[PDB]
């Protein structure tokens, strides 16, 4: 894929193209899903640029930013029988990796008896922002499945499901002293 002039004016009527170049409305549920992946990817970039994460988190998050483009390519390309070219799809491989990162980073942390108030470190607060945006993207991914239960894979949404759980764990690690707990009705 190529990024040259950037502005082509081909979407000035409110329509645009999926990856097979078929035309959709810019409100199409599939587009909203991989659009929200774009927005989640930018939230992680904000966390990387203002958060000063250590080397090992920067490598995990950079892989996730790359996975999010894999996920968008998946969502933007309709599923067809025997495609001429084999499409890039999300695989259980991706989710297993996320679960391993969850278990590893969640090992050294204790249980919580209530919700944490987002904030603390610049890195911890921005991971929380990214966490909520990924969760919004997950909802859009599931809505895309509802709209096209054959043409859209469930694996992008399952990836986004596990990812927001990992981002939560990482947000706690970025507050190595501890985060403030919600006190109901306090």
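Positions refer to the first chain, counted from 1.
Trainee: Please compare 10-18 with 170-178 and say which has the higher mean C-alpha temperature factor in the record.
Mentor: Comparing 10-18 with 170-178, the higher mean C-alpha B-factor belongs to 170-178.
Trainee: Between 57-65 and 143-151, which has the larger average Cα B-factor in the PDB entry?
Mentor: It is 57-65 that shows the higher mean C-alpha B-factor.
Trainee: Which one of 161, 27, 41, 121 shows the biggest C-alpha B-factor in the PDB entry?
Mentor: Spelled out: the listed residue with the top C-alpha B-factor is 121.
Trainee: Which third, lowest, middle or highest, does the CA B-factor of residue 156 fall in along this chain?
Mentor: Lowest third.
Trainee: Quick one: classify residue 96 as lowest, middle or highest third of the chain based on its Cα B-factor.
Mentor: It falls in the middle third of the chain.
Trainee: Going by the CA temperature factor in the PDB record, which third of the chain does residue 78 belong to: lowest, middle or highest?
Mentor: For residue 78, whose C-alpha B-factor we compare with every modelled residue in the chain, the answer is the middle third.
Trainee: Against its chain's modelled residues, does residue 49's Cα B factor rank lowest, middle or highest third?
Mentor: Ranked within chain, residue 49 CA B lands in the highest tercile.
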